[PDB]
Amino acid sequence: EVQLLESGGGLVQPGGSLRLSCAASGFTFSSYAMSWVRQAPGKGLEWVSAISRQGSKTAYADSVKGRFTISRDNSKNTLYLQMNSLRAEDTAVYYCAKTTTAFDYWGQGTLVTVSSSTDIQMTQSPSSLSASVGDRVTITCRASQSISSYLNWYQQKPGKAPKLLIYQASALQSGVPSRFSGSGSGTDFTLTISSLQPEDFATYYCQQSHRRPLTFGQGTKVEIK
């Protein structure tokens, strides 16, 4: 019954503007911080923005600084993203995400097409792989500097929004099968699938919630042959 319903995307010329909305139901919206995460076509996940429970504090990635504005209306349970000065580089599916120590629940995502460091680097290995049902699959995630144990794993089906699989290196989200395990601390982490199933095909992303800005690995696509 937890729902995040996004609207407002579409096609726009460079320099124009769009306003995204995320309509939340099924939890107490004002009890949680909220983010926007975007994914350029065939590319990875990138954190964009975040706002505190009451709306008093906001944060922005450098890429969208000055042009994008996040806001919320807790009386309508709605999260907003005003995007001005749109560039072709802003071209992406945009997700809203309930934000705790991970991104717990993601909206379905709205496409926005624009046409006419000291950060922690997450690197995954391999970048994709193909294996058979029953195989044991292992994925690695390295941080360029320590992130303690604040490493999150997300599962993304083709065309679907990411789902949170494991957070804080080893804690399983509710309803995730026990075939999924995570381990590691500091700079080296691992996701393991004990017995691969047909429904497990997806791209798997790691993401650190140790220091802003929140950063993603580039993903590991897994195919079942």
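Numbering starts at 1 and follows the sequence shown.
Deposited sequence between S75 and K76: no residues lack coordinates (chain continuous).
Between 190-198 and 163-171, the higher mean Cα B-factor belongs to 190-198. Once the C-alpha B-factors are averaged per stretch, 129-137 and 103-111 rank with 129-137 first. Residue-level temperature factors show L79 in the middle third of its chain, judged at the C-alpha atom. Sort the chain's modelled residues by C-alpha temperature factor and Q208 lands in the lowest third, per the entry.
Among the modelled residues of its chain, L4 has a C-alpha B-factor that falls in the lowest third according to the deposited record. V176: CA B factor lies in the highest third for its chain, per the PDB record. Among all modelled residues in this chain, the alpha-carbon of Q54 has a temperature factor (C-alpha) in the highest third.
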